[PDB]
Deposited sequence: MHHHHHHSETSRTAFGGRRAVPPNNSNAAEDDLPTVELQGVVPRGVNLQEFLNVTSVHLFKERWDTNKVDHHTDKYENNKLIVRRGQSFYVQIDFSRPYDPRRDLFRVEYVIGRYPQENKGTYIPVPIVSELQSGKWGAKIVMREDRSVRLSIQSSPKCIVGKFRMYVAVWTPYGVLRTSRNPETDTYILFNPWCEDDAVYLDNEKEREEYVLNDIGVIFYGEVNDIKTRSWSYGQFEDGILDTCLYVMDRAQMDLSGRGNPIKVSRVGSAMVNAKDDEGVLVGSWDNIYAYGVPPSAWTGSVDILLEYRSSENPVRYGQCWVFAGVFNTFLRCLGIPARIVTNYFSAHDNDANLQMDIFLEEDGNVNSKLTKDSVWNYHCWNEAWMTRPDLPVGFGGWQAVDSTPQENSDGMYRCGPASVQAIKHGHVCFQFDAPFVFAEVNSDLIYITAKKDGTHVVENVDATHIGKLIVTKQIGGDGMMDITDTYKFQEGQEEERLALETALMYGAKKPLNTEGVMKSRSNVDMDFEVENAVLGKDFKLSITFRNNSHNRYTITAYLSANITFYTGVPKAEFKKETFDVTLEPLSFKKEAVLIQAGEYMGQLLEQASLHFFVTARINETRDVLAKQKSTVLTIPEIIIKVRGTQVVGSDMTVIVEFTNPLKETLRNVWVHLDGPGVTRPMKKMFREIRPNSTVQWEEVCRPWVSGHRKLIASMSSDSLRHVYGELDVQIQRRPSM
């Protein structure tokens, strides 16, 4: 039966005997727990290092994928020759190991990357101090903690103890977490800032409303867990920020799901608080928790403020964006249908401005390149699969019009860049406005109360041919030409060719208008930057293939690369004669040339050692003026060796004598640059 409530619990036996245990067993032979410490004070190491010191909460709060310290006191000193125990974390009334809701934590010699385990780091008298590491994919929620000692007759378990209940939150500081955000200032504003600013007014008369998110206030964390309980969200999916944010967009509005906030626009707001009176999220959520019924009343910005609290509270980085001239598409055709004005036939509408949320996560369900900011909206406007909810829609997918990737991207696109279509019905299309919708999209700046124009993340600039091509793509995701591109043998440090191929199998001559967008992506699939954008025209003679090779120079991307970065390419082309649109996106990993560094001889910090740097020419071309640099602050003054030429696929070796002058775990770094290939590196750790 479903396990969908954090508040519900099961009863874990304290004496889990097995088989027909004879009378008069002496269980005294085995360890028992006399006390557990979680070092959970808000001044102490766990909460400070886990960035949870701010919650008004007396229990331990930690973030997944990061280790924390606890201490277990036993009746006698733990002896691993005779004793075997394990820590357990448990959530729900129906915990299951294969569902992630019964989590046995083995005592291990060494913690391992991304796996639950506990390591003894200190022993004294009858106590052992443990460093516990949780999985970075762990379920978010309030866990019950037990210690289980194994005996030949069964398990001996600590009894229920709410003082050791432990909250595990999303971890933007953990690089193995789906919500990893590698910028501390960004983590401060989008996670730990509990006040903020929401923009409204008009494009030319822009107003500021302050908002208290209050995600650390007493009761709020518990309320957000209760929101998910009220949604009957299966616990096993609450470690997935896609599911958590999609549930949030449904549950924060009261339609369909008995959520938090009733919307009203009727200028009267009978028997409730009028939307403009709220100043923060705390009174709303806490009243929802206590009354267990929807709160009255909100509009766009209140929905987004309360949603922002939910996200940040759980650890999902989040911000509120404001779209000026926000379209409302009633028929899911991705344009504004304005009948000529006939107010009875015309069903679509435009808001002076609208508010919604962005949540930061990878998109493991989407192709590489669509992670990062996801638009999520809790203001009820349109049904998404029978419920009032919206998103996560990848802002990157919206920008290039790839609204085929879930969730609700066509709707969000229509909100930001739909055309106005003036229509006359009769016994006929009369005008087209392509700049009215979404004139400006903003969000609070980092470290201040001012605006940040972020329109360019959602759409290309009005009037640019790319804006048109992305919209035509958007409309196509709802003529006998084939289009494809391949990246011709791309090596890090060298230029390379992007070969876009059109095959015209018809007897017609076509003209093509097209753009290309080349991007750097983290290996987790989050986008980093566009480094090259071109629009170009080409004629397509009949019964012919045609390659258009695009040169991508090293200087265009080398200045923005990161470890394990891949490249993400968009190409969109319109057959002008047919208005047909061909759109493709592909990602590719750069080939990475190697530099191996060895050390011959002893590495004592007094005598001489020999550093062998090896490079192999990865290209079919001849490298020339190959400079090779060696750096190593404790081992060598910086040095360089030159090579006038390295023939194709040839290998050079460089021996360097060094006298290290410091002891410890230092490091050697090598670099190569030539007339063509440049800035390829190698590294080696060395102890002295």
{"item": "Missing C-alpha runs, given along the deposited sequence, first residue counted as 1", "value": "1 to 21, 362 to 366, 454 to 457, 509 to 522, 733 to 738"}
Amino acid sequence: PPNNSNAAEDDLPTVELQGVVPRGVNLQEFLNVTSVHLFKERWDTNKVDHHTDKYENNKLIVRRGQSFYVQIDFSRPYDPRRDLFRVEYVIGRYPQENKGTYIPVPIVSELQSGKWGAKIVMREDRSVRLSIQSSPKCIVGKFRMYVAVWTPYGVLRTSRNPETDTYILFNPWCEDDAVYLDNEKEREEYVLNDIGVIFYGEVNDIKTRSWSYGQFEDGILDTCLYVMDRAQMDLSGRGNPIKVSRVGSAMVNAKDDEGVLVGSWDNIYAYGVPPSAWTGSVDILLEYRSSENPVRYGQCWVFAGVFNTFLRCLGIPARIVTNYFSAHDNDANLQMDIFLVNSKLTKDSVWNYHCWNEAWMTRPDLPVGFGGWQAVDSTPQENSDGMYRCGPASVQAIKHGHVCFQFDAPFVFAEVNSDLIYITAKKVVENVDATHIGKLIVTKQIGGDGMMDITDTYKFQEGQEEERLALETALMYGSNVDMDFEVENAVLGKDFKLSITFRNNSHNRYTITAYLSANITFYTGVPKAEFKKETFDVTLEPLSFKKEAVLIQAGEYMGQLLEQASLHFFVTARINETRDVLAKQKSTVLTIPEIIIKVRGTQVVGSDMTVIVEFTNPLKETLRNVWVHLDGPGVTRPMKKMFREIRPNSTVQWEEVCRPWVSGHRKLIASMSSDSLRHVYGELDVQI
From here on, numbers count along this sequence of modelled residues.
query: Residue stretch of maximal mean CA temperature factor, 301 to 309 vs 67 to 75; finding: 67 to 75
query: Greater mean Cα temperature factor according to the PDB record, 441 to 449 or 604 to 612; finding: 604 to 612
query: Of the residues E292, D537, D218, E189, the one carrying the largest Cα B-factor as recorded; finding: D537
query: Top Cα B factor in the deposited entry, candidates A397, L567, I338, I320; finding: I338
query: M361 by Cα B-factor - lowest, middle or highest third of the modelled chain; finding: lowest
query: Within-chain third of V635 by Cα B-factor, per the entry; finding: highest
query: Ranked C-alpha temperature factor of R42 among modelled chain residues, by third; finding: middle
query: Third assignment of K426 from its chain's C-alpha B-factors; finding: highest
query: Cα B factor band for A7 (lowest, middle or highest third within the chain); finding: lowest
